[PDB]
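Chains as they are written, first to last, in the deposited numbering: chain DDD, 0 to 221; chain AAA, 0 to 219.
The structure under discussion appears below in the form of structure tokens.
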Ligand SMILES: N[C@@H]1CCc2nc(-c3ccccc3)ncc2C1
């Protein structure tokens with residue numbers, strides 16, 4: 000029976016909140032976050048992975064422009080095709096398009112595949128967050144109410160399914176009746192609740208949270 | 000000799016902070032803000048003017064795409080060419096592109112002209128804020144540090160002169176040595192210090208604040 004609450008931070012599967020600065024690498028942070036959790040689940044070790052690696056090395060090949068944007072799914076693809084990604088420690092974030100410095104010497108994780116969840120299914124998404132781990136998602140963040148959020152459950156009447164900002168669902172619960180998704184952002188500790196936003200859940204796929212959900216799996220890392 | 004500090008709010012020339020919602024109408028808010036001040040200076044009455052008027056009616060002919068962006072200068076142009084703009088009360092903000100609904104009977108201010116200030120001149124900008132009134136400016140606000148500002152003087156090392164966001168300089172001063180521009184934003188009271196951000200001043204045209212400054216006048 001799915002529990003009332005899930006917080007993957009409690010189970011040591013979520014790294015410190017990152018700060019993307021002026022570089023539009025929200026997709027890179029969403030993807031590394033999801034795989035960070037799958038890494039902790041397989042190896043028992045929590046290691047920040049290199050978002051910089053995805054900005055530098057996951058480019059033209061499918062459809063990523065580094066600091067000018069990209070997709071979580073194609074970021075997973077690159078990790079499969081390269082059979083690796085470097086630790087953040089070995090390949091630190093500098094918030095700019097640099098030349099590829101990928102190689103397997105400071106490799107910290109791999110990826111065998113990734114699963115796209117069905118559009119708008121907030122009951123499926125809840126099952127995935129409970130039983131598989133954090134889930135990469137897009138949200139609609141066009142609304143100043145999003146960047147201004149400080150606490151509580153976020154409900155924006157004017158929100159849409161036309162998502163534009165990659166983030167990571169690390170859990171779910173209820174604040175005194177009001178049901179929510181626990182979302183890790185890449186805007187540093189000063190955004191929302193130490194870098195998290197609780198977003199309205201079971202309220203009509205609010206801001207398209209359940210529009211484009213994906214999670215990677217590590218069948219055999221070495 | 001110009002004063003060390005200026006805050007146009009002290010002299011009742013600045014309306015409540017507005018909230019643009021999902022519509023990229025920052026330019027429309029910047030323009031009405033500047034004219035709001037000139038209106039109070041001429042008539043002695045503080046009246047919120049219609050940003051929605053500029054979004055609906057200052058469009059293709061003025062190089063403006065409503066909720067997808069525009070310029071304060073061409074917004075002023077439209078007010079001159081239309082020979083007025085409606086009050087916010089008569090023509091409320093709806094944060095979407097509507098068809099023009101301008102009515103001359105609810106006209107609340109006019110505009111005889113506008114002055115573009117020279118690129119990067121933070122000494123000229125200071126002279127205009129001191130002697131003329133609040134100044135419409137563009138800033139670079141692409142940086143999460145900008146949206147997330149809570150208090151103090153804003154300095155972002157990664158900031159550029161590639162401005163993307165219309166705001167209004169309502170004054171200047173220094174907080175404990177650090178010189179600043181007092182900037183009114185259109186993101187409601189919960190942004191920054193009740194809707195204001197103090198931005199680094201005399202620090203290399205920081206975030207292109209002095210890149211494209213303009214102010215309107217109501218002459219005759
Ligand atoms: N000669 C024009 C004068 C006005 C202007 N205004 C902007 C701007 C203002 C607000 C928001 C986004 C761009 N950019 C460029 C220019 C150049």
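Heads up, the beta-carbon is just placed ideally off N, CA and C, and yes, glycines get one too.
Could you tell me which residues DSSP puts in a beta bridge with residue i?
i: residue 197 (chain AAA); result: AAA:152 and AAA:181
i: residue 167 (chain DDD); result: DDD:135 and DDD:183
i: residue 216 (chain DDD); result: DDD:112
i: residue 173 (chain AAA); result: AAA:178
i: residue 220 (chain AAA); result: Limits of chain AAA in this structure are 0 at one end and 219 at the other, which puts residue 220 (chain AAA) out of reach.
i: residue 48 (chain AAA); result: AAA:86
i: residue 35 (chain DDD); result: Answer is none; residue 35 (chain DDD) lacks a bridge partner.
At a Cβ threshold of 8 Å, is residue i touching chain AAA?
i: residue 189 (chain DDD); result: yes
i: residue 137 (chain DDD); result: no
i: residue 21 (chain DDD); result: yes
i: residue 141 (chain DDD); result: yes
i: residue 94 (chain DDD); result: yes
i: residue 157 (chain DDD); result: yes
Using a Cβ-Cβ cut-off of 8 Å, state whether residue i counts as contacting chain DDD.
i: residue 147 (chain AAA); result: yes
i: residue 210 (chain AAA); result: no
i: residue 29 (chain AAA); result: no
i: residue 186 (chain AAA); result: yes
i: residue 150 (chain AAA); result: no
i: residue 111 (chain AAA); result: no
i: residue 4 (chain AAA); result: no
If you reduce the DSSP assignment to three classes, tell me which class residue i lands in.
i: residue 108 (chain DDD); result: strand
i: residue 86 (chain DDD); result: strand
i: residue 207 (chain DDD); result: helix
i: residue 5 (chain DDD); result: strand
i: residue 68 (chain DDD); result: coil
i: residue 40 (chain DDD); result: helix
i: residue 59 (chain DDD); result: helix
i: residue 15 (chain AAA); result: coil
Is any heavy atom of ligand 2 found at a distance shorter than 7 Å from the C-beta of residue i?
i: residue 71 (chain AAA); result: You won't find ligand 2 in this model; what it holds is ligand 1.
_Quick test of the definition: if touching needs 3 or more C-beta pairs under 8 Å, does the stretch 82-102 of chain AAA touch the stretch 123-133 of chain AAA?_
no
*Give a yes or no on contact between the stretch 28-36 of chain DDD and the stretch 211-218 of chain DDD, applying the rule of three or more CB pairs nearer than 8 Å.*
The count of Cβ pairs closer than 8 Å, one atom from the stretch 28-36 of chain DDD and one from the stretch 211-218 of chain DDD, reaches three, so the stretches are in contact.
*asked:* Does the structure place the stretch 173-186 of chain AAA close enough to the stretch 96-107 of chain AAA that three or more beta carbon pairs sit under 8 Å?
replied: no
_Taking contact to mean 3 or more Cβ pairs, one atom from each stretch, closer than 8 Å, check whether the stretch 67-75 of chain DDD and the stretch 17-29 of chain DDD are in contact._
yes
*Is the stretch 11-20 of chain DDD touching the stretch 41-51 of chain DDD in the sense that three or more CB pairs, one from each, lie closer than 8 Å?*
With a cut-off of 8 Å, the stretch 11-20 of chain DDD and the stretch 41-51 of chain DDD count as touching, because enough Cβ pairs lie within range.
*Does the stretch 141-155 of chain AAA come close enough to the stretch 107-120 of chain AAA that 3 or more CB-CB pairs lie under 8 Å?*
no
_Three CB pairs or more closer than 8 Å across the stretch 57-64 of chain AAA and the stretch 183-200 of chain AAA_ = no
_Pairs of beta-carbons, one from the stretch 152-172 of chain DDD and one from the stretch 1-12 of chain DDD, closer than 8 Å: are there three or more?_
yes
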